[PDB]
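Listed next as structure tokens is one chain, alone, in the form deposited in one PDB entry.
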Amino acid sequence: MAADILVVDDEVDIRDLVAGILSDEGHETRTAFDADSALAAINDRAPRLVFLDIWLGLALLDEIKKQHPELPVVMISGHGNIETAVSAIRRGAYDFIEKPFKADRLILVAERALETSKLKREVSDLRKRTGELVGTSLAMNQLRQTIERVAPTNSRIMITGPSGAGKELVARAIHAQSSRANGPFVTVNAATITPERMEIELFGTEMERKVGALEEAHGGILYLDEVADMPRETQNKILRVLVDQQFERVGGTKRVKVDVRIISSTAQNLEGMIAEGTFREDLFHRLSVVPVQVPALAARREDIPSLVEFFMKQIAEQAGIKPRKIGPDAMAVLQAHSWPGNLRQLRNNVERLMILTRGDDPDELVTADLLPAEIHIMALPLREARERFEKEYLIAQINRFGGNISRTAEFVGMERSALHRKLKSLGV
């Protein structure tokens, strides 16, 4: 709300006027008469906003934007033509101010210009702490080309892949590459929605106001994450929406018509579910339009090293942990795993390794011993816990001595018959 503003203009009267009003609001104002003084001001310290006069012009706008892609530029246009002013918006400008201007318009113009730039930065920052698609494999290239092909179409998509494979990312990639890219990207995850609230989540409630997924998705893309998690009750509801593109809100007569591009996804066999009568035959066909298949990590094992490299880089910009070198034995083992949970499971494992080895020297390699086993005393009171301990301890000792009860008893500090009786009492 108190930014550093650079006001570039040929006329000192305007340079003073714009810089004055803004500085009086609480901004840090710096001024330039030409491109050479302007670029040198950016060189002193980069501003958080630029006010650029069109006629000194659009060449300076390009240089500011080439050197600083995230720096908002607002134009200073004459009363006569918004033609060049509007041309500048397309050339990269955010907005424009027309002479003569009221001080209050200028305040708002700068405020709105900064707010956007801040949001775009709040996006890049939030994105760097959270999780395009990595992979050089033939599987990945084929998927990227499928995305590139199906995204410009207006067709309904059916994304199929194992859990943690990349289905939601493919959905978002298709969205970013479609004509609805500026429109909403609304997600519906059946697994995390309660059945008692499933109707409200999809359709909303009548008149603070609760807007359902479908209404929210209007003019954009609605993502049905794991359709198989929807009960038969709500599968019918989805289908009834698919026929007419209309629905009613919960506790309301009003019927709403929306225009949504549906993207579905499943890690389940839907045809087999139709055979079991657990999923609707008509619904499946209505949703299963343009199929897109996300491959298992098992189907692109060659990417495991480049994905570990990528996740390792990602967690460094998140936790400040210096990326480590994974040993060849750990890597060999990682590459061999079935990855039931695929890329979500790979990332979690890579992270676990970063945490455990954090204290260590960067020169030391991540060894296979660190990988988890896939790659009760604490809940019990004292007497019970003591009893389980004793039982397990003796079982372990007998096995250690290969069943020689007499050798066990002597080592343990017991007499033969006493060990037999103890074992019986413990339930062995």
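Throughout, rigid core stands for the largest set of C-alpha atoms superposing within 1.5 Å between the two forms. Residue indices: 1-based, along the sequence shown.
Taking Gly131 and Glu132 as adjacent modelled residues, how many residues of the deposited sequence between them have no coordinates (none, 1 to 3, 4 to 9, 10 or more)? Count of unmodelled residues in between: 1 to 3.
If the chain runs straight from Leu56 to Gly57, say none; otherwise bin the unmodelled deposited residues as 1 to 3, 4 to 9, or 10 or more. The entry has 4 to 9 unmodelled residues between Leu56 and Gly57.
Per the record, averaged over C-alpha atoms, which has the higher B-factor: 343-351 or 180-188? Taking the mean C-alpha B-factor of 180-188 and of 343-351, the larger value falls to 180-188.
With respect to the recorded C-alpha B factors, which stretch has the higher mean value, 314-322 or 300-308? Here the higher of the two C-alpha B-factor means belongs to 314-322.
Looking at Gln335, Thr146, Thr266, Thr84, which has the highest CA B-factor as recorded? In this record, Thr84 carries the highest C-alpha B-factor of the candidates.
Please work out which residue in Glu115, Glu98, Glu226, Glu216 has the highest C-alpha B-factor recorded for this crystal structure. Going by the entry's C-alpha B-factors, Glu98 comes out highest.
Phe389 CA temperature factor, ranked by third within the chain: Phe389: CA B-factor falls in the lowest third of its chain.
Within this chain's modelled residues, let me know which third the CA B factor of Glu28 belongs to: lowest, middle or highest. Its C-alpha B-factor, which the entry lists for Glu28, ranks in the middle third among residues of this chain.
Compared with the other modelled residues in the chain, in which third is the CA B-factor of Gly135? Its C-alpha B-factor, which the entry lists for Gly135, ranks in the middle third among residues of this chain.
Among the modelled residues of this chain, does the Cα B factor of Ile274 put it in the lowest, middle or highest third? CA B-factor rank for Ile274: highest third.
Taking the values exactly as deposited, rank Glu122 by C-alpha B-factor within its chain and report the matching third: lowest, middle or highest. Answer is middle: the recorded C-alpha B-factor places it there.
What comes next is about the form deposited in another entry, which is not displayed.
With the two forms aligned on their rigid core, point out which item of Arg344, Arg172, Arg156, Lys118 shifts its C-alpha by 2 Å or more between the shown form and the other one. Single residue meeting the criterion: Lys118.
Per-residue C-alpha change between the shown form and the other one, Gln318, threshold 2 Å, rigid core fit: Yes, its C-alpha moves 2 Å or more.
Superposing on the rigid core, I want to see if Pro184 changes position between the shown form and the other one - specifically a Cα shift of 2 Å or more. No, shifts by less than 2 Å.
Spell out whether the Cα of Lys254 moves at least 2 Å between the shown form and the other one when the two forms are superposed on their rigid core. Comparing the forms between the shown form and the other one, which are aligned on their rigid core, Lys254 does not shift its C-alpha by 2 Å or more.
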